[PDB]
Amino acid sequence: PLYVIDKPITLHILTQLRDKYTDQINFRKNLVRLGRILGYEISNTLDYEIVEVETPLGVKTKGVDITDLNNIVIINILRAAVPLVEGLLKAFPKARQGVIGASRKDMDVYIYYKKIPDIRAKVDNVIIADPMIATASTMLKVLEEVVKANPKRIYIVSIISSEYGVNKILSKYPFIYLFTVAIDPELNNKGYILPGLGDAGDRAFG
Amino acid sequence: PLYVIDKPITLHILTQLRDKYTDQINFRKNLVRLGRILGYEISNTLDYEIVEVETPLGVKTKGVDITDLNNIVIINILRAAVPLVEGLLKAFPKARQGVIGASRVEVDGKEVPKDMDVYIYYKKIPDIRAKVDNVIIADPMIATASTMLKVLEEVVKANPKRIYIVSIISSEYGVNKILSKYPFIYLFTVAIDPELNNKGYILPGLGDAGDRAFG
Amino acid sequence: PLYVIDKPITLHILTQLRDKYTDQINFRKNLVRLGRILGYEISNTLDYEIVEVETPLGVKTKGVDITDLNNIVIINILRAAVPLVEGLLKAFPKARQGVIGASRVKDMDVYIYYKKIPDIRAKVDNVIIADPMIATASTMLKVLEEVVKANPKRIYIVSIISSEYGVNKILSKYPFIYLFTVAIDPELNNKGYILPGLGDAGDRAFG
Amino acid sequence: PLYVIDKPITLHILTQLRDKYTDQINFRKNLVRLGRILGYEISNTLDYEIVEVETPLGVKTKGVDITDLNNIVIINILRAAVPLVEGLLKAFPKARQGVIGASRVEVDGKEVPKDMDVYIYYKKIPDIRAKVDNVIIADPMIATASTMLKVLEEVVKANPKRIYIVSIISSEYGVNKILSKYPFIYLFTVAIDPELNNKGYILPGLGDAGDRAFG
Ligand SMILES: Nc1nc2c(ncn2[C@@H]2O[C@H](COP(=O)(O)OP(=O)(O)OP(=O)(O)O)[C@@H](O)[C@H]2O)c(=O)[nH]1
Ligand SMILES: Nc1nc2c(ncn2[C@@H]2O[C@H](COP(=O)(O)OP(=O)(O)OP(=O)(O)O)[C@@H](O)[C@H]2O)c(=O)[nH]1
Ligand SMILES: Nc1nc2c(ncn2[C@@H]2O[C@H](COP(=O)(O)OP(=O)(O)OP(=O)(O)O)[C@@H](O)[C@H]2O)c(=O)[nH]1
Ligand SMILES: Nc1nc2c(ncn2[C@@H]2O[C@H](COP(=O)(O)OP(=O)(O)OP(=O)(O)O)[C@@H](O)[C@H]2O)c(=O)[nH]1
Ligand SMILES: O=P(O)(O)OC[C@H]1O[C@H](OP(=O)(O)OP(=O)(O)O)[C@H](O)[C@@H]1O
Ligand SMILES: O=P(O)(O)OC[C@H]1O[C@H](OP(=O)(O)OP(=O)(O)O)[C@H](O)[C@@H]1O
Ligand SMILES: O=P(O)(O)OC[C@H]1O[C@H](O)[C@H](O)[C@@H]1O
Ligand SMILES: O=P(O)(O)OC[C@H]1O[C@H](O)[C@H](O)[C@@H]1O
Ligand SMILES: O=P(O)(O)OC[C@H]1O[C@H](O)[C@H](O)[C@@H]1O
Ligand SMILES: [Mg+2]
Ligand SMILES: [Mg+2]
Ligand SMILES: [Mg+2]
Ligand SMILES: [Mg+2]
């Protein structure tokens with residue numbers, strides 16, 4: 002399923018990200034802000050069980066507990082992802098982290123580095139983060155690795171994704187929960203997202 | 002209008018708050034967490050205009066600018082509200098802050114107090130701009146609304162563009178008691194507990210947020 | 002004893018606070034920043050016992066545990082103090098907070122408007138009284154007059170700037186107190202403001 | 002020069018880090034806490050300039066401005082450092098983040114490792130303005146300093162104004178192996194553990210910071 006989070010709050014931040022006038026401090030900071038907000042969206046979709054707690058005045062009342070918050074494995078795709086993940090962790094403190102290294115349309119992408127914790131089959135909720143999904147190659151390559159682990163669920167957290175990508179990804183993995191703030195219409199020749207926001211990695215790491 | 006924010010995330014934190022076993026650190030911390038989350042919600046209700054920015058790649062594109070984020074006066078109802086306001090400020094760093102030291106009078110009686118001797122022992126509110134500012138009144142719990150209504154009497158006078166109320170728990174009695182006397186108010190809350198008890202406390206409730214968070 | 006924290010880092014932030022060009026966001030934010038920084042300074046002065054812990058290679062070694070971090074009772078001198086206490090809480094999360102509103106009415118003394126201080130454990134709690142500006146030290150002394158009655162294990166005072174008049178009037182009446190501050194300004198006018206200071210902290214912070 | 006930051010506050014956090022029973026969250030969180038604390042310590046050694054600002058009181062006063070907070074490049078030695086750098090950034094927001102991915106060529110019981118082979122699987126480092134930038138290399142642990150020296154190998158031909166090393170724990174062997182070759186480096190650390198074992202692990206140490214933090 003596709004989850005486009007276009008509420009005023011996120012669209013407001015996205016705007017500042019897109020604005021070529023926002024410096025690296027504010028750019029990185031907004032990536033963090035969206036990561037936490039984005040993690041709160043993902044939070045509401047997770048499996049939870051009904052519990053009972055007694056209150057100070059000695060009365061019992063039903064409550065909620067998002068159990069799966071203990072079963073999260075965030076996958077950091079090297080670079081631009083670091084800041085976004087820094088937001089996600091605000092919503093998934095108990096999550097373990099994996100990092101991946103890969104690099105280059116349609117051209118195949120190769121994985122050159124990868125240290126991922128052990129994904130508990132049928133239990134874990136893997137969250138693969140990367141601010142931008144253009145052609146969707148990077149993402150799909152990481153996916154191969156992830157599906158092998160047979161996780162309970164797989165989420166993809168991005169800021170902007172091209173239509174080409176969303177469809178590319180959801181067409182081969184309809185069971186994947188793809189979250190994003192905006193879906194931009196095109197990819198020029200260089201494989202860039204338009205309007206997009208330029209190069210996230212560069213705008214944040216500086 | 003009434004805004005009950007009962008998404009799994011907030012209901013999850015509320016549970017923690019209600020849990021008598023939840024210690025002081027965690028109690029105070031969840032009040033902050035909800036304040037932040039509630040500010041974000043309140044943020045999506047604010048007036049915004051569409052602007053048009055230019056991306057590094059040279060093109061223009063429509064965006065969003067919540068202009069009213071520059072126009073926010075938060076009212077921190079002294080004590081319990083401090084952790085909650087800390088939360089809100091994460092969503093409204095351009096907000097001015099008024100502090101009101103209200104204090105309720107205890108009354109052990111037969112029924113449930115309708116209104117109580119609520120006198121304000123403190124009140125330093127910054128200048129509110131008529132027909133422009135969005136005043137946000139914060140207080141973790143609204144029981145009989147005594148306190149709340151008492152403050153609204155002060156804020157109203159300054160005719161703000163609109164008034165919000167941010168609470169974690171609110172009794173049915175109160176919600177109605179406020180939306181009746183001030184119908185065009187934006188009341189946000191995570192849960193609406195059925196009834197108030199013999200001593201004006203909310204049931205089930207989460208205990209005395211004031212004591213729980215400051216000790 | 003007097004603890005003047007004038008390291009480059011704090012003097013750097015103070016400068017921004019003093020600067021008339023620093024807005025409500027940045028002013029309030031630096032009060033928070035200094036609050037946690039001074040909190041760490043107070044931390045280094047607290048009681049702590051030596052403990053033993055086993056490291057991941059099954060090797061036991063000595064370490065440190067500032068348990069007194071469990072016995073903190075911070076007091077808000079209403080308004081300007083809130084942002085300051087916010088940062089201190091970053092260093093004393095387990096602290097119980099106290100709120101207290103006062104006001105004036115040459116060195117005109119004071120009257121207590123509001124006062125809610127949690128129960129202080131005699132010879133156990135480390136009470137920390139927060140208030141960014143200590144001018145004629147009256148507000149401060151009036152609050153002390155109550156805290157001292159509770160015989161806490163210790164008493165700290167956390168401020169950003171304080172006048173020499175104040176530092177001396179406070180440390181002369183209660184010598185055992187730990188007064189922390191970033192700067193000690195020279196004078197104060199006929200009105201009672203600290204010069205050059207930074208203006209009305211409460212107004213610069215709250216707007 | 003060597004800067005051992007062993008004040009009660011940092012020794013208190015280190016203890017928690019060493020405590021094998023310190024769960025992942027708390028472990029990661031303390032790495033952040035120390036990163037920020039250690040940064041404020043570094044800020045205190047940076048070149049500063051006296052300035053003059055204006056109080057609203059119309060009056061004027063001399064002040065401090067560590068102008069060098071604009072000339073900082075942090076190199077996040079990959080994995081272990083993420084939490085550590087995450088806090089240094091709390092002290093150096095105007096810093097550019099360089100990122101090197103180092104991986105040690107393990108070895109098993111033999112004798113005690115004197116220097117190990119390092120495999121570079123990633124490198125994105127901004128341009129270091131010669132005679133201008135203060136480069137800060139971060140890595141929780143320094144065992145044989147193999148990794149460290151490997152990185153210094155590049156950060157040095159760039160002649161930065163100054164080079165800092167931020168670590169939580171470093172072995173005697175390492176501190177000496179680094180400062181003997183790069184006498185003028187500013188090496189910051191909370192503790193200097195005595196010996197290393199046959200696998201090159203610090204003792205007593207605190208385990209594998211990367212494994213503890215990334216789980
Ligand atoms: N047990 C424990 N958990 C912690 C601690 N600090 C942070 N956490 C958890 O990590 C999450 C994110 O922590 P931070 O990076 O400090 O983020 P934050 O901006 O303070 O977010 P909030 O804590 O929600 O206000 C929190 O929501 C907590 O659930 C700590 O000292 N102990
Ligand atoms: N201009 C400016 N604004 C700041 C600064 N620090 C914080 N703010 C603003 O104040 C809000 C809340 O700041 P913090 O208390 O640091 O909150 P936070 O936990 O860091 O959360 P974030 O919103 O993710 O940064 C931010 O969303 C900013 O809009 C600062 O140094 N400069
Ligand atoms: N048990 C527990 N302790 C917490 C939690 N969040 C914060 N704390 C404690 O409170 C302190 C400060 O918390 P915050 O208000 O989030 O401050 P912060 O800006 O995140 O600062 P640091 O956590 O030190 O990085 C931490 O150092 C913790 O000791 C939490 O979720 N659980
Ligand atoms: N311009 C701008 N600067 C910011 C903002 N938020 C943070 N900063 C800067 O980034 C630094 C660290 O910010 P954060 O990562 O949020 O750190 P923090 O946990 O909030 O800690 P504090 O800065 O003490 O509040 C600060 O020293 C600020 O100079 C923001 O919204 N705008
Ligand atoms: O809707 P109402 O019936 O007026 O009650 C709500 C208020 O009462 C409690 O404060 P209290 O006066 O007990 O002060 P404290 O929280 O600072 O102890 C509570 O924290 C609210 O502030
Ligand atoms: O001082 P040295 O003897 O060179 O060894 C110490 C290094 O080992 C760890 O990284 P590691 O290569 O194990 O990678 P990881 O921490 O990312 O898992 C640590 O982060 C240091 O970089
Ligand atoms: O493979 P694509 O989806 O086309 O592009 C993905 C990468 O390109 C950008 O650097 C993103 O941040 C990812 O790292
Ligand atoms: O009593 P003084 O030390 O002269 O002045 C103290 C108060 O004046 C300022 O508002 C400070 O913030 C304190 O609240
Ligand atoms: O696998 P690595 O991270 O390279 O080495 C792991 C060990 O190194 C650390 O000192 C701890 O003792 C760990 O056991
Ligand atoms: Mg926190
Ligand atoms: Mg109250
Ligand atoms: Mg490592
Ligand atoms: Mg911040």
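These protein sequence lines map, in sequence, to chains A, B, C and D.
Mapping of the first sequence onto UniProt numbering: residues 2 to 105, 115 to 216, in sequence order.
Residue 216 is where the second sequence ends in UniProt numbering, and the numbering goes up by one at each step.
Mapping of the third sequence onto UniProt numbering: residues 2 to 106, 115 to 216, in sequence order.
Residue 216 is where the fourth sequence ends in UniProt numbering, and the numbering goes up by one at each step.
The C-beta atom is built at its ideal place from N, Cα and C for all residues, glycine as well.
Nearest-angstrom Cβ-Cβ length linking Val100(A) and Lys151(A), presumed shorter than 8 Å: In fact, because the Cβ distance is near 14 Å, the residues do not count as touching under 8 Å.
Regarding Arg34(D) and ligand 3, is the C-beta to nearest heavy atom distance less than 6 Å? Remark: the C-beta of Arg34(D) is in contact range of ligand 3, defined as less than 6 Å to any heavy atom.
Buried/exposed call for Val108(B), threshold 16 Cβ in 10 Å: Answer is exposed; the Cβ neighbour count stays below 16.
Give a yes or no on whether the C-beta atoms belonging to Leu35(C) and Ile14(C) are separated by under 7 Å. Yes. Within cutoff.
Would you say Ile10(B) reaches chain A, if we count a Cβ-Cβ gap shorter than 7 Å as a contact? yes
Take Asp194(D) and list the residues in its own chain whose beta-carbon comes closer than 8 Å to its own, dropping the five residues that flank it on each side. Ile170, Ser171, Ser172, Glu173, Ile203, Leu204, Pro205 and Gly206
At a Cβ cut of 7 Å, what residues of the region 28-44 of chain C count as close to chain D, listed as they run along the chain? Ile38, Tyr41 and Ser44
Taking 7 Å as the limit between beta carbons, can you name the residues of its chain near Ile129(A), skipping five residues before and five after? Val74, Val136, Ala159 and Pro161
Between the Cα of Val167(A) and the Cα atoms of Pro184(A), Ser44(A), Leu39(A) and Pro94(A), which residue gives the shortest distance? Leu39(A)
Can you look up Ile137(C) in the DSSP assignment and give me helix, strand or coil? strand
Go through its chain and collect everything with a Cβ distance to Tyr49(B)'s Cβ below 8 Å, but skip five positions before and after it. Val65, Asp66, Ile67, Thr68 and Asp69
What are the start and end residues of the beta strand (DSSP E) that includes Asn77(C)? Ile73 to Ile78
Length of the line joining the Cα atoms of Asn31(B) and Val33(A): 20 Å
Give a yes or no on contact between the region 110-118 of chain B and the region 84-92 of chain B, applying the rule of three or more CB pairs nearer than 8 Å. Output reads no: the region 84-92 of chain B does not touch the region 110-118 of chain B.
Option in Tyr4(D), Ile76(D), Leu188(D) and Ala82(D) with minimal Cα separation from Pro127(D): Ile76(D)
Taking the CB atoms as reference points, tell me whether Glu55(C) and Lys21(D) lie closer together than 7 Å. yes
Which residue or residues does DSSP assign as beta-bridge partners of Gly102(A)? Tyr123(A)
Taking only beta-carbon atoms, is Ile26(D) less than 7 Å away from chain A? yes
Proximity test, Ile143(D) beta-carbon vs ligand 6 heavy atom, cut-off 6 Å: yes
DSSP-derived helix/strand/coil call for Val54(C): Assigned with DSSP and collapsed to three states, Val54(C) falls in strand.
Quick one: what does DSSP say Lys8(B) is sitting in, helix, strand or coil? coil
So does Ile126(A) have its beta carbon nearer than 6 Å to some heavy atom of ligand 9? no
Where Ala192(D) falls: helix, strand or coil (DSSP): strand
If contacts are defined as beta-carbon pairs under 8 Å, then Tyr183(A) and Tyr165(A) qualify, I think. What distance do you get, rounded to the angstrom? In fact, because the Cβ distance is near 11 Å, the residues do not count as touching under 8 Å.
My guess is that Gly102(C) and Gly208(B) are in contact by the Cβ rule of under 8 Å, so how many angstroms apart are they, rounded? Rounded, the Cβ-Cβ distance is 25 Å, inconsistent with contact.
Let me confirm a value: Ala146(A) is counted as buried when at least 16 other C-beta atoms fall within 10 Å, else exposed. Which label applies? When all chains shown are included, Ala146(A) counts as buried.
What are the boundary residues of the alpha helix (DSSP H) that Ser172(D) is part of? First-last for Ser172(D): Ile170 to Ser172, but that is the beta strand (DSSP E), not the alpha helix (DSSP H).
Any idea what DSSP makes of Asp66(A), helix, strand or coil? strand
Return the chain-ordered list of same chain residues with a C-beta closer than 8 Å to the C-beta of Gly216(B), the five sequence neighbours on each side being excluded. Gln25
Would the beta-carbon of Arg29(D) fall within 7 Å of that of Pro84(D)? Yes, the pair counts as a contact, with Cβ atoms nearer than the cut-off.
Starting from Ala96(B), follow its DSSP beta bridges and name the residues at the other end. The partner list for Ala96(B) (beta bridge, DSSP) reads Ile73(B).
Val133(B): buried (16+ other C-beta within 10 angstroms of its C-beta) or exposed? exposed
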